[PDB]
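Here the structure comes first, spelled out in structure tokens, and everything after it is commentary.
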Amino acid sequence: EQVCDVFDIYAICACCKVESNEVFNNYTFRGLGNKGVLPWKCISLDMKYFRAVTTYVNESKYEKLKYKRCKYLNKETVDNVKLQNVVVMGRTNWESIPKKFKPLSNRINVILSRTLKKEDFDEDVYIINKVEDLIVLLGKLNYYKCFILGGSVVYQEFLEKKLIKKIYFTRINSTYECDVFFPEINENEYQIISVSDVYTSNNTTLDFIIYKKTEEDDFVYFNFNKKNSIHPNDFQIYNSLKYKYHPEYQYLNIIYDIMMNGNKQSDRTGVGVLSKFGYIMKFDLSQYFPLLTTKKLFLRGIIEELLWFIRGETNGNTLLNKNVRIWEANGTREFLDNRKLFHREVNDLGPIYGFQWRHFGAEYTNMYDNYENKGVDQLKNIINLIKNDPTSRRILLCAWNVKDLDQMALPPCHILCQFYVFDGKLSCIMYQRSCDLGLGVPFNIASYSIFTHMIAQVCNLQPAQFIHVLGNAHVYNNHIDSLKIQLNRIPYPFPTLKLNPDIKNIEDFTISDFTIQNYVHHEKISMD
Amino acid sequence: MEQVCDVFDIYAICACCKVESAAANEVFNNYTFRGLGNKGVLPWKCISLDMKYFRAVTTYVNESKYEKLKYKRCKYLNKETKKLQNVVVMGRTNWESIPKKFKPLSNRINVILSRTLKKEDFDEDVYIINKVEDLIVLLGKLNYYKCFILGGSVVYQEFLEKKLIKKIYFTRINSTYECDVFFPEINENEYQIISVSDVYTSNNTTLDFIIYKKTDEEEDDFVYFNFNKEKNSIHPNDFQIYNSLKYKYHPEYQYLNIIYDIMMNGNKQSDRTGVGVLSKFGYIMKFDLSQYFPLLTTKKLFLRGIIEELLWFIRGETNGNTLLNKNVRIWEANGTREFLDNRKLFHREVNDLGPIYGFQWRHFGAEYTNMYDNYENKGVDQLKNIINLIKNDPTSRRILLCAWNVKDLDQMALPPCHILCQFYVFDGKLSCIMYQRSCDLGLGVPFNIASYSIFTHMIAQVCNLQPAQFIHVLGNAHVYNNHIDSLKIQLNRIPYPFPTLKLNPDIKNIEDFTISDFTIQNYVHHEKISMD
Ligand SMILES: NC(=O)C1=CN([C@@H]2O[C@H](COP(=O)(O)OP(=O)(O)OC[C@H]3O[C@@H](n4cnc5c(N)ncnc54)[C@H](OP(=O)(O)O)[C@@H]3O)[C@@H](O)[C@H]2O)C=CC1
Ligand SMILES: NC(=O)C1=CN([C@@H]2O[C@H](COP(=O)(O)OP(=O)(O)OC[C@H]3O[C@@H](n4cnc5c(N)ncnc54)[C@H](OP(=O)(O)O)[C@@H]3O)[C@@H](O)[C@H]2O)C=CC1
Ligand SMILES: CCc1nc(N)nc(N)c1OCCCOc1ccccc1/C=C1\CCOC1=O
Ligand SMILES: CCc1nc(N)nc(N)c1OCCCOc1ccccc1/C=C1\CCOC1=O
Ligand SMILES: O=c1ccn([C@H]2C[C@H](O)[C@@H](COP(=O)(O)O)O2)c(=O)[nH]1
Ligand SMILES: O=c1ccn([C@H]2C[C@H](O)[C@@H](COP(=O)(O)O)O2)c(=O)[nH]1
């Protein structure tokens, strides 16, 4: 029997990044305080979380805890003759709390001090001289759970003395000056078991993770009727998590589903795939920018491609001269000839995305022609519908021009975008007919999330949801080993995207107008 | 105080078919499914999935939960506190109908009610009882998990009348057979449906399974992660039946649950019509066409028009008169002089709908002139192309049929709501995704599901494939305000097992179907609803 298990002693903390290709690990989030106070001004949502966790009590479960504690102390009663949690603090910590919040409401307040005396305190608020006097006080109290609230000294000694059953760890994804830090967590001592959704509060993203020390028959009946070379230990870390609420799991769960249940199919490359048909993912752009964190991703190229689209260009050389090689293989002489485009100049990609967005229906000649005022300017049309008729159900942008497919270097994977406006907020669905989960889809989420921001800003709206509909969704067999590595990495809180606020027209964006902030990521993975 | 059926966990399990009586404008209720047996045996040759279910339910035990049951029954009786098995009780006629190679039923304690036979007349390991009261006595002496009454009709009736049944596990066999004995009519005041299963096909019939009921560290962590969960003027009891159900696995709940979500959480918006809506953005529904045809059952739907509309599409027609002459009025309001003038289509003849679905499917990119023109070999015949892709390049990820022709939208009576179909082929089976930009949940979506489920069958058949999944992606999904009260009624109806769709197998080209090549079979449905 362990003391922390008998007396249910937990730690709860909130750590930021600290002012120093930077490498990342859990120890990236370690900033606790600065000059006796919190490193940040105010992060309300963590405050609300901290209070919610340290005040919550379950009466109907206390008798099992009381029974266990008395058995361990060779007693029949807590006596030895309104349930609340206990919260333990350091003196410096208790001094940093403003007066009007002390003692903490609905909690048994305990202060570890070597200089304070209980006479100038109340009797509700206890003072104890060392760690051992806590265990004595807990054995004499009725309480639900015991939360170590810090600070840095208290965390360290409790952690080395193995008195912590779980750590409730808030990751504050921003950087502050700090002089005190959470002690490094030994991953052979604790491991992450649950990760929350990602949130925005007071101009920072944050999430919540949990470290752990290392009728109903009718349901069965309805399951009376309930594959690929993938082994248990392959996804040990992935399957060991209990709560996977981070939105990155929307992408990772789809990969897991394809690996476990996908259909074996052949492809042009001869690599072969596992495929499934029909998925949705939803990302809340008001709370985070969903740039994958379980590997490193770069954004300059996909931003340039998007600016290239908006200009309505079809000339692959424009990208190539900026060393954006997304379309290079699709514009070679051999690739075009295999498309039977024998009279197409190298890197002339034909009436692809940008041409369809600005000139749908115009006759394509070559990438140097002047198409001004030719065909339908869809992009201008949708921006005008969003501004002037926001409840239209016809706000769609379509790249799948059936008449021009064979003239394109290849037909679009991103068939269409539809927009939706409510209470000054813009959402976007993108339908993708063909989804390379390992390589393409991480970039695709970023492209159309950025696009949704761009459209929202030029329409004086706030982005809300990017909604990604996947058609033929596949994992190439040569990515399977790399994706096994990636599925067993635990996501970090997402970054944020900042657009130059001065840009008010869709055509005025330049590469320098986009900034990714606070991107914390695992190391790059060559998909192979 | 405590009821006998509660102490001893006495359940009924049965399978009921429809019974020959049939007519047009037939009314349906729970009592529609009441056929138990014919001439002392079952009315059907063999429905194996029900047999599998019946075996799983009546053989399943949970050892962990026995100790609580053992204490409960000891307390009731004033008693002191091989493998666990269930008890199964059969009437003598029921026992005699089971082939010998299955008797006594495996892994279960067998009990037979009889007066004309005594234990000496049986070779098998079975208990004979001659009164219901003796079963209760026997149950007090045995160690067992649950007690299931297996019929026949006499046994069912007397155990219901004695109020000895705690739950009825009831299979609805959605086909008609000759019957001479019948499950008793169930009292809605005495028993209510609490769970409904997925719909299945077994041995050329659909069926589902319903249940009538008699009328820790990580646990706290879950509370923690919900710390930030904090609308529309809809009352609780308005969805009393809908929220009473425990398990809603019938595939019709994919539609019903979306309606509920829009009513509870939808956004109040204006719209092009002026009625106003509640709306949400982005849903997916999946229907398994190998197991059922998803024609909604919580209200009456007709399919003749949408089939004729689909055949009109495939012919490439844009002439609304063609449908009107078949007394199909789906497109009538979009073809009037007034409607076309408001579309600024002043030079368009009445009922000339312009370059809409049919024209885009057979002639995408051709210049539209009028509904009477000869368009042969003009534009892209994408319907022909995707059939050829499905036959000759089935792994292609480019098998896509698109009605949203951006150049032609303003020439259309109205822009298409069904933007595109993508197809997927694996293991000789065809699946279809349809993307719908705008979805009238009350009136349009029920018909749209049916239309594209039929189209998936037609494309599957002419490509010698079997239909697998119809997948329906909703973009702007809305409920019109004038539909809300109709939908409140409908959401409190329990779905029936789905019908089946059958096609003339001789039709081998997509263009060769006629209205008489389609048969919907065993459509059981609630009353038609006027959405108002
Ligand atoms: N972000 C977060 O999650 C949290 C951050 N903080 C920040 O942390 C900082 C303070 O942490 P820190 O500076 O380490 O000070 P602490 O909060 O660790 O308290 C330290 C004091 O507590 C007393 N104490 C500590 N250990 C013992 C012991 N074993 N027996 C008796 N008395 C003991 C001593 O006071 P004496 O001199 O009487 O011995 C010591 O000086 C502040 O800036 C605060 O804002 C605080 C709480 C949570
Ligand atoms: N589809 C389904 O779910 C099921 C269908 N069936 C069908 O049901 C039909 C048979 O049902 P049914 O005809 O009603 O006959 P039952 O199976 O109900 O058994 C009736 C006989 O059981 C004995 N019995 C019943 N109650 C008592 C009692 N209280 N005390 C003593 N003996 C009793 C008597 O046998 P005796 O004459 O020896 O006294 C009575 O004649 C068959 O067609 C069978 O295939 C059967 C089970 C389930
Ligand atoms: C940063 C919040 C927090 N977060 C998590 N996850 N763990 C913690 N150990 C933690 O610190 C709580 C103890 C310290 O608390 C305060 C410290 C400084 C100022 C105010 C407070 C508390 C307040 C103010 C309003 O109401 C309170 O209770
Ligand atoms: C239709 C089955 C059934 N279905 C549900 N839902 N409820 C029931 N009360 C039920 O009857 C089971 C008792 C009678 O059973 C048989 C009757 C005729 C022939 C065979 C059997 C039993 C067999 C054969 C295979 O193994 C068996 O047990
Ligand atoms: O932006 C893109 C472009 C391509 N792909 C992937 C999907 C397929 O693996 C392949 C497209 O080839 P086809 O589906 O046309 O065969 O590229 C993406 O995921 N995103
Ligand atoms: O097959 C159809 C055709 C139309 N609608 C509905 C959706 C909208 O309520 C209305 C079309 O209006 P707009 O989206 O074009 O405004 O008709 C459907 O649900 N299904």
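Here is the naming used below: chain letters follow the sequence lines, and residue numbers restart at 1 for every chain. Heavy-atom basis, side chains included; hydrogens, waters and symmetry copies ignored.
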(request) Heavy-atom distances under 4.5 Å only: say whether A:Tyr245 touches chain B with side chain, backbone, both or neither. (result) side chain
(request) Please determine, among B:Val223, B:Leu400, B:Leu409, the option with the most heavy-atom pairs under 4.5 Å with chain A. (result) B:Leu400
(request) Determine the option with the most heavy-atom pairs under 4.5 angstrom with chain A, choosing from B:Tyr60, B:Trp404, B:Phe364, B:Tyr283. (result) B:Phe364
(message) Once rounded to the nearest 0.5 Å, what's the spacing between atom CD1 of A:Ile280 and atom CG of B:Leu474?
(response) 8.0 Å
(request) Report the option among B:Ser197, B:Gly475, B:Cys417, B:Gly365 that has the most heavy-atom pairs separated by less than 4.5 Å from atoms of chain A. (result) B:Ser197
(request) Could you tell me the separation between the CD1 atom of B:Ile399 and the OG atom of A:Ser434, rounded to the nearest 0.5 Å? (result) 11.5 Å
(message) Can you tell me how far apart CZ (A:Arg393) and CG (B:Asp440) are? Round to the nearest 0.5 Å.
(response) 8.0 Å
(request) Pick one of side chain, backbone, both or neither for A:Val195, based on which atoms fall under 4.5 Å of a heavy atom in chain B. (result) backbone
(message) I need the single residue from A:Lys61, A:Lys145, A:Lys213, A:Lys165 that forms a salt bridge (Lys or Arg N to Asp or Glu O under 4.0 Å) with B:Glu217. Which is it?
(response) A:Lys165
(request) Report the C-alpha distance between B:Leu420 and A:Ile415 in whole Å, list the side-chain angles of each, state the deciding distance to 0.1 Å, and finish with yes or no for side-chain contact (heavy atoms from CB on, under 4.5 Å). (result) CA-CA 9 Å; B:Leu420 62 100; A:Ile415 299 314; 3.8 Å; yes
(message) For the CZ atom on A:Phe219, are there more than 12 heavy atoms of other groups (residues, nucleotides or ligands in this structure) within a distance under 6.0 Å?
(response) no
(message) Check A:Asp389 with B:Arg272, please: is the shortest side-chain N to carboxylate O separation under 4.0 Å?
(response) no
(message) Which atoms of A:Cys428 are under 4.5 Å from chain B, going by heavy atoms: the side chain, the backbone, both sets, or neither?
(response) backbone
(request) Name the member of A:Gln465, A:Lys282, A:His474 that forms the most heavy-atom pairs with chain B at distances under 4.5 Å. (result) A:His474
(message) I'd like to verify something: which residue of A:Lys403, A:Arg433, A:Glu215 has the highest number of heavy-atom pairs under 4.5 Å with chain B?
(response) A:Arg433
(request) May I ask you to test the B:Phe227-A:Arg51 pair for a side-chain heavy-atom distance under 4.5 Å? (result) no
(request) Specify the closest pair of heavy atoms between A:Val402 and B:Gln382, including all atoms of both residues, with the distance to one decimal. (result) CG2-OE1, 3.5 Å
(message) Using a 4.5 angstrom heavy-atom cutoff, name the option from A:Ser392, A:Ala362, A:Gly375, A:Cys398 with the most pairs to chain B.
(response) A:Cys398
(message) Within the supplied structure, the quantity of interest is the number of heavy atoms (other residues, nucleotides, ligands) at a distance under 6.0 Å from A:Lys64 NZ; does it exceed 12?
(response) no
(message) Is A:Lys276 close to chain B through its backbone or its side chain, or both, or neither, when contacts mean heavy atoms under 4.5 Å?
(response) backbone
(message) Could you measure the distance from the CG atom of A:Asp197 to the CG atom of B:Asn226? Nearest 0.5 Å is fine.
(response) 11.0 Å
(request) Enter the distance from A:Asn472:CG to B:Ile433:CD1 here, rounded to the nearest 0.5 Å. (result) 8.5 Å
(message) Under a 3.5 Å threshold, yes or no: a donor from one side chain and an acceptor from the other, between B:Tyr53 and A:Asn225?
(response) no
(message) I'd like to know whether the aromatic ring centres of B:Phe209 and A:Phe222 sit less than 6.0 Å apart in this structure.
(response) no
(request) Determine the minimum heavy-atom distance between A:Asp218 and B:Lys167, stating which atoms define it. (result) OD2-NZ, 2.9 Å
(request) Name the region of B:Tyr11, side chain, backbone, both or neither, that has any atom closer than 4.5 Å to a heavy atom of chain A. (result) neither
(message) Please determine whether the number of non-hydrogen atoms from other residues, nucleotides or ligands lying under 6.0 Å from atom CD of B:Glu63 exceeds 12.
(response) yes
(message) Heavy-atom cut-off 4.5 Å, strictly under: side chain, backbone, both or neither for B:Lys246 against chain A?
(response) neither
(request) Select, from A:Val421, A:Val53, A:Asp8, A:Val376, the one with the greatest count of heavy-atom pairs under 4.5 Å involving chain B. (result) A:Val53
(request) Please determine, among B:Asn62, B:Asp427, B:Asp216, B:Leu401, the option with the most heavy-atom pairs under 4.5 Å with chain A. (result) B:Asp216
(message) Please give me the minimum heavy-atom distance between A:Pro411 and B:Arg398, naming the atom from each residue.
(response) CD-CZ, 3.7 Å
(message) What's the separation between atom CG in B:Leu49 and atom CZ in A:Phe224, rounded to the nearest 0.5 Å?
(response) 4.0 Å
(request) Identify the two heavy atoms, one from B:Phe426 and one from A:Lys264, that lie closest to each other, and give their separation to 0.1 Å. (result) CE1-O, 3.4 Å
(request) With a 4.5 angstrom heavy-atom cut-off, could you sort out which part of A:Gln265 is near chain B: side chain, backbone, both or neither? (result) side chain
(message) If I measure from the heavy atoms of chain B, does A:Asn381 come under 4.5 Å with its side chain, its backbone, both, or neither?
(response) neither
(request) Answer with side chain, backbone, both or neither: which region of A:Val469 has an atom nearer than 4.5 Å to a non-hydrogen atom of chain B? (result) side chain
(request) May I ask you to name which of A:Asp217, A:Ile467, A:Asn401 has the most heavy-atom pairs under 4.5 Å with chain B? (result) A:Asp217
(request) Please state whether the rings of B:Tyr424 and A:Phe277 are parallel, tilted or perpendicular, taking 30° and 60° as the class boundaries. (result) parallel
(request) Select one option (side chain, backbone, both, neither) describing which atoms of A:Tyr199 are under 4.5 Å from chain B's heavy atoms. (result) side chain
(message) Is it true that B:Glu218 and A:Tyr243 share a donor-acceptor pair across their side chains at a distance under 3.5 Å?
(response) no
(message) Need one label for A:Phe50: side chain, backbone, both or neither, based on atoms under 4.5 Å from any heavy atom in chain B.
(response) neither
